[PDB]
Amino acid sequence: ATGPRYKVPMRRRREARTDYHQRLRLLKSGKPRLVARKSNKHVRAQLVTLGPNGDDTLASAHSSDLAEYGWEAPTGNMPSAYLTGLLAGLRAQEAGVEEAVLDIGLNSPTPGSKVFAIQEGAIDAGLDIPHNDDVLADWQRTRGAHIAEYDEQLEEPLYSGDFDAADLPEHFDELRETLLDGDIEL
Amino acid sequence: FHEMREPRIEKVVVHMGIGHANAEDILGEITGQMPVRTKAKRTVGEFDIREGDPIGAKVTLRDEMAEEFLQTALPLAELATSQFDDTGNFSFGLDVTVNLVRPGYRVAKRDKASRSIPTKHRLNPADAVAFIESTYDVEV
Amino acid sequence: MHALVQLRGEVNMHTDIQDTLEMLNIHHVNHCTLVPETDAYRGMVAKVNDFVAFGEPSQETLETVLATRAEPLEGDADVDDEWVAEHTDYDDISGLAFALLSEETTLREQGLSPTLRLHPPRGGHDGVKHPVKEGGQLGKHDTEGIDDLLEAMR
Amino acid sequence: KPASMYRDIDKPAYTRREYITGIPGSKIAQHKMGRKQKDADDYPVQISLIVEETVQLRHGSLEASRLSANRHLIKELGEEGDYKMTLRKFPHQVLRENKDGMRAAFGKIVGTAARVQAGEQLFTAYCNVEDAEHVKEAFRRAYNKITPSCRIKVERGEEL
Amino acid sequence: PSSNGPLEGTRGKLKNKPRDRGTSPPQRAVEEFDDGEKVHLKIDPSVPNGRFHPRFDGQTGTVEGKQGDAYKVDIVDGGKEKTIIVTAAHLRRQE
RNA sequence: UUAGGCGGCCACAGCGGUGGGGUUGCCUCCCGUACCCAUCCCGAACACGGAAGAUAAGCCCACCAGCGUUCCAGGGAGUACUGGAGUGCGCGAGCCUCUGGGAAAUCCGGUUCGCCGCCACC
RNA sequence: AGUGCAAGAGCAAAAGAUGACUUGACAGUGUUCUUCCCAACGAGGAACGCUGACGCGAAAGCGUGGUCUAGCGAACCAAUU
RNA sequence: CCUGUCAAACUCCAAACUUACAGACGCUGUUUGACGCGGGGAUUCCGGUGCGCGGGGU
Ligand SMILES: [Cl-]
Ligand SMILES: [Cl-]
Ligand SMILES: [Mg+2]
Ligand SMILES: [Mg+2]
Ligand SMILES: [Mg+2]
Ligand SMILES: [Mg+2]
Ligand SMILES: [Mg+2]
Ligand SMILES: [Mg+2]
Ligand SMILES: [Mg+2]
Ligand SMILES: [Mg+2]
Ligand code: NA
Ligand code: NA
Ligand code: NA
Ligand code: NA
Ligand code: NA
Ligand SMILES: [Sr+2]
Ligand SMILES: [Sr+2]
Ligand SMILES: [Sr+2]
Ligand SMILES: [Sr+2]
Ligand SMILES: [Sr+2]
Ligand SMILES: [Sr+2]
C-alpha cells in the first residue's frame, strides 16, 4: 500500500474469513475438518481434507438440499442445522471418512448454538469427532421446540408462507427418521 | 434507493468525566438504563497515580432509549455548525454524543467478513445537519 | 575439440588448478591432451587458462603430432597407420585424427595414452608471462596459432 | 599535524556519530557563497575544480582553500558580485590520533575530513563570461591548499 | 566473536525481509515428509519453536524418521554426521 | 460460482476510482427479542427467530494506472564491483591488460487493478 | 506501541491489552544439538519425545516458567527428602 | 517545491564469490582394496614470507 516496506495481510485475512492461528491448531490433529458455516437463510457443513493446491471437500451438505428429502420448513434454525450436519455426516461415512475435528471458523462457541448442533448431527451420523456434551443444546431445542412454544404465543402467525399454524417439530422427527434409514439416495 | 440511504441514530453516549462516582445515580435516572464506570491510563500529576481506577461514567443509548432521551436532550442544547464531526456526528455540553450513520453499518461492526464503509456511503456533516434539523429544531 | 598444452610449471600454482590439469590427464610441462568442447570441459580449461595454451588444431597438424608423439596405453610402440589399423577402429592416423576432431571417440577409447608428451618448442615460444592478445603464449589460440606451437613442439 | 597522517583512504568508514563522541566542530564557515538567492542555471559559465586523485581532505584544508578562493572572488568581483560558488563535499569521516605505547592504541577523536574520489568536483562556481578568468584564478589558489593535483574544467563555456 | 552464544552473528539469517514479516502460512508447518526425503534446512524467522542450531542453515539433510511431530534429519557437518531435530516449519522439500 | 463454502500462493492480489447486477433462487444489508446465548452499559456486538422492504453498503461482474507492487524491452552499462593470470604502468595511495562473471540508482516504453485448487450451485 | 533488564532478532482476530480461571515454575526417564564449527572434553543450556499426574478450552490444542540468545559451579563433607 | 552531502555497529536494492545436496563429465578404487572402521607409535601446540582481503597504529 504505502511503500516497499509495507506488509499486506494474507488474502483470506484481508477478507476476514480465515483465522489462521486457529487453522494451524486445527490442522495439527491430522484429522479432516468438519467445516461448520452459517448464513442468514442457510446452513452448510463440509468435510474438508488437506491438499497440495488447497483444501479438498470429500463430502458436504447445504440446508437448501435438505428439502430434497421432504423438508417444508425454513432453513436457518436449529432442526435445520442439526439435520444438515447429519446429512453431511452420512455422505462422509459413505466416502470413507471416519473421524473429524470441528472447525467453526469465525463463529462463537456459544453453548447450544447451531454449529454445535451441526456437530451433534455429524457425530450421530457415525463420525468420531472430539466434542463436549454439556456445550450442546437440549435435545428439545434441537428439535425446534423453542420455536413451537414461541408460536404458542401466537395472536399473529410466526411463519409467513403457510407450512403450518402451530409448527411441527415432529417434522424434524420425521426427517431424522428418513435419514437414519438405510436406503435413501444420498 | 432513498430508503437504504436515509440516516439513523446508531447510539447516544452520555458521559461525565469527573476525575475521582457519586454521579452514576443521576445518569441512571436521566437515561433509563444502568451506567458503566470509566478508567484511565498513564500516570498524571493531577493526582492520578493509580492507573486503572474510576474517573467517570457513561451510557450508550440505542433505539427507543436513545430517541426518548433525545426528545428532551436536544432542546437543552444550542446546536452549531462547527459542533459537527466530519463523519456526521456531534457532541455538546455532562456530555451528550450522537452517532449517526446509513443503514448497512453492520458491515463494519460484525465479526465475519467485516469491511470498512466506503466514503460515498459514509454520512456527511451536511446530510447530518439536514436529517437532524428535519426533526424538531434549528441549525447553525 | 581443443588441444591443451601446459606451458607453466606446478610450483606456486594454486592447488585446485593443479588438480584440474591432472584430471585433464596432464601431469608435466609440455604435456598435451585433446579435450572435447562441452560445458563441463569448458569450465575446466577456463580455470587452467593462465598456465596453458589451447585451441582447435588443424587435421594436418593433429596427424603430424599423433604420428610423432602418441603412445599406446602401455609401451614405446610407435603409433603409425599400421598400428592404428590393427588396434583402433580406424584405417590410418588420418582416420583417427578426423574422429577426434569431430568428437566421435577418445585416445583412451582407442587404447592410446590420453597424453601427447611433446618436445620443447623449437625456436622457443612467445613467453609464459602474457596471453596471446599481448604477444604472449598463454591462453586461447587461433587455429593457425596453435598449429605453429604444436608443430614447433613436434 | 601533517596531512600525510590523514590524506589516504586507509581505514574503514568511521562516521557513525551514535557511537562516536567528542567530535570537534567543522572549521568550514560556509558551503554556499556569492549570490545564494540566484540560481545556478541563471549563469552562462559553470567552472568546477576537479580532484585528480582519491583522497581525504581535512576540514582545515577545506576551509583554508575555500577561504583563499572566495576571498579572491570577493576582491575581484566585489562583496556582492554576480557569481555563486559551491563547496559540495562535507567532512563526514571522523579522524583519530593515538596521543602507554601501542597498548590500548585506539586513538582519541581529533577531527573530520571529506572523502573525495578521483575525478570528482570539490568546488563549482557559476559566473558570467566577463568574470571567468577571476574564478579560474580563485581555483588556482584553492588547489594549492589541498593535497591532490587538480583540473579547472569548464562545463558551460563556448566563450573562448 | 565478542560472545559465544547460539545467536551470535545471526542478525541476518534470523530476520525476515519487511514483506515477509508477520505470522507464516500454516500449510508448510504441517507438511509431511517421508524417510529418505531430501530436505533443505532454513529457519523461518516468524516461527519461534522447532528450530535447529543456526549454524546449520543452508544444509540439505535426509529425513530419517520423526520424534513426536518434529523430524529427525541426518546431516554431515564438515566430516561429522549429526542428527537434527526440526519441525516442518523450517524445512523445504528438495527440488 | 446470476452474487456460495473451504483454501493454496500470500500486493501481479495493496491504495484510490468509474460503470453494472438480484420476486418465491444465492450472499447480504434488513426485521425482531419467547427461547439457547450475550453485553463490567447498550439483541451494538455475540446468540437465537424470521422475511415487510432494498440492491444504497458489502459481495459478485466489467473497466481505469494516479500511488504502491511484479515482470519485460531499450538506455544508463559490460559502466560500478569482481574470481584467475602478468618481469604491465605509477615515488606512492593506486592503475592497466588478458580471462571468467557482472550490478544499483535513474530514464523510457510495455506489464500488473490477482493467478490457481477443491466442493457446491440454472 | 507494548512485550522486566544489553544488544540484535520475533510477535497484531498476538507473543501485546483487559478480564477471568489456574499453578506445567509438576514427577520420572530419554532423544538430539549446544557447550567444544570442522574434531575429542565436564558442569551448565536448549530443542524434541515417552510415562505419570494435572490446568484451561466446545475442541483441535496450548502449558516441560518469563517470545529468543546472559542470570552460573566438580570431588570430599554436612543438612535435607 | 527547489538545492548540497554521508554510514564498521543503515538498507527499497545487490554482485563477483563462498557454501549444502543431487545428476552428469572428468579423475579415481575393486590383485596398487579406495571410502570407512578398530588398534600401536609419534612428532607438534616460539613460526616466517609473498599475494589477496583485512582491524589497530603517523
Ligand atoms: Cl460462517
Ligand atoms: Cl541443532
Ligand atoms: Mg607409457
Ligand atoms: Mg635455441
Ligand atoms: Mg622470454
Ligand atoms: Mg553481518
Ligand atoms: Mg450500485
Ligand atoms: Mg613498480
Ligand atoms: Mg573441600
Ligand atoms: Mg543442608
Ligand atoms: Na599502562
Ligand atoms: Na512470515
Ligand atoms: Na470496574
Ligand atoms: Na449494492
Ligand atoms: Na551437558
Ligand atoms: Sr590501515
Ligand atoms: Sr595540490
Ligand atoms: Sr436488530
Ligand atoms: Sr554474459
Ligand atoms: Sr518459550
Ligand atoms: Sr567468506
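In this analysis, Cβ positions are derived from the backbone assuming ideal geometry, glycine residues included, and neighbour counts consider all displayed protein chains. Only the coordinates and a few stated rules stand behind these numbers; no lab work does.
Quick notes
- Separation of segment B:65-140 and segment E:49-77, taken as the distance between their Cα centroids, equals 60 angstrom.
- Under the simplified labelling scheme, the residue D:130-residue B:131 pair shows an inter-label distance of 7.3 nm, with each label point 7 Å from Cα along Cα→Cβ.
- Estimated 222 nm signal from helices in chain D, with DSSP H stretches of n ≥ 4 weighted -39500 (n - 2.57), rounded to 500: -6000 deg cm²/dmol
- Oblate is the label for chain E, because the ratio a/c of its alpha-carbon gyration tensor axes (a ≥ b ≥ c) is 1.5 or higher and a/b is not greater than b/c.
- Calculated diffusion of segment A:135-174, Stokes-Einstein form, Kirkwood radius summed over Cα pairs, 20 °C and 1.002 mPa s, µm²/s: 198
- Alpha carbon centroid spacing (whole Å) that separates segment A:111-144 from segment C:89-154: 87
- Base-10 log of normalised Debye intensity for segment C:58-113 (one unit scatterer per alpha-carbon) at q = 0.15, 0.21, 0.26, 0.28 Å⁻¹: -0.33, -0.68, -1.08, -1.27
- Filtered trypsin sites (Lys or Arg not before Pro), segment C:46-132: DSSP coil and at most 13 other beta carbons within 10 Å: C:108, C:122, C:129
- Cα-projected label distance for residue A:65 with residue C:144, points at 7 Å along beta-carbon direction, nm: 8.3
- Rounded, prolate or oblate (a/c below 1.5 giving rounded, otherwise prolate when a/b exceeds b/c) for segment C:28-154 by Cα gyration tensor: prolate
- Estimated Rh, the protein assembly as shown: Kirkwood, alpha-carbon pairs, angstrom: 38.4
- FRET efficiency estimate (nearest 0.05) - Cβ-Cβ, residue C:119 to residue C:50, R0 22 angstrom: 0.45
- In loop segments of segment C:1-40 as defined by DSSP, the GluC sites (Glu not before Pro) with at most 13 further C-beta atoms inside 10 Å of their C-beta are C:37.
- Measuring r between the beta carbons of residue A:17 and residue C:154 and using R0 = 60 Å, the FRET efficiency lands at 0.15.
- Helices that extend 20 Å or more along their long axis by alpha-carbon positions and average at least 0.0 on the Kyte-Doolittle scale are, among the DSSP H runs of chain A, A:78-95.
- The simple spin-label model puts a point 7 Å past each Cα toward its Cβ; for residue B:85 and residue E:37 those points are separated by 5.3 nm.
- Other protein chain C-beta atoms within 10 Å of residue C-beta, averaged over A:102-115: 1.
- Relative packing of D:51-62, A:63-74, which averages over residues the other C-beta atoms within 10 Å, highest first: D:51-62, A:63-74
- Where the alpha-carbon atoms of chain B are placed on the principal axes, they occupy 53, 39, 28 Å, in descending order.
- Rounded Å value of the spacing that divides the Cα centres of segment A:48-62 and segment C:1-42: 60
- Cα-Cα pairs of chain D separated by more than 23 Å (percent): 42
- FRET E, pair residue A:39, residue A:163, Förster distance 22 Å, beta-carbon r, rounded to 0.05: 0.65
- Every pair of different Cα atoms in chain A enters the Kirkwood calculation, which places the hydrodynamic radius at 17.7 Å.
- Within segment B:22-88, GluC sites (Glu not before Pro) in DSSP loop having at most 12 other beta-carbon neighbours inside 10 Å: B:46, B:51, B:78
- Protection proxy ranking of D:21-34, D:108-121 - average other beta-carbon atoms within 10 Å, highest first: D:108-121, D:21-34
- Peptide A:23-34 - average C-beta neighbours from other chains (10 Å radius): 2
- Full-extension gain in nm, residue C:81 to residue C:106, via 0.36 nm per residue minus C-alpha separation: 7.3 nm
- Peptide-level mean, for A:10-19, of C-beta atoms on other protein chains within 10 Å: 2
- Ranked packing of E:12-20, B:69-77, A:102-110, most packed first, by mean Cβ within 10 Å: A:102-110, B:69-77, E:12-20
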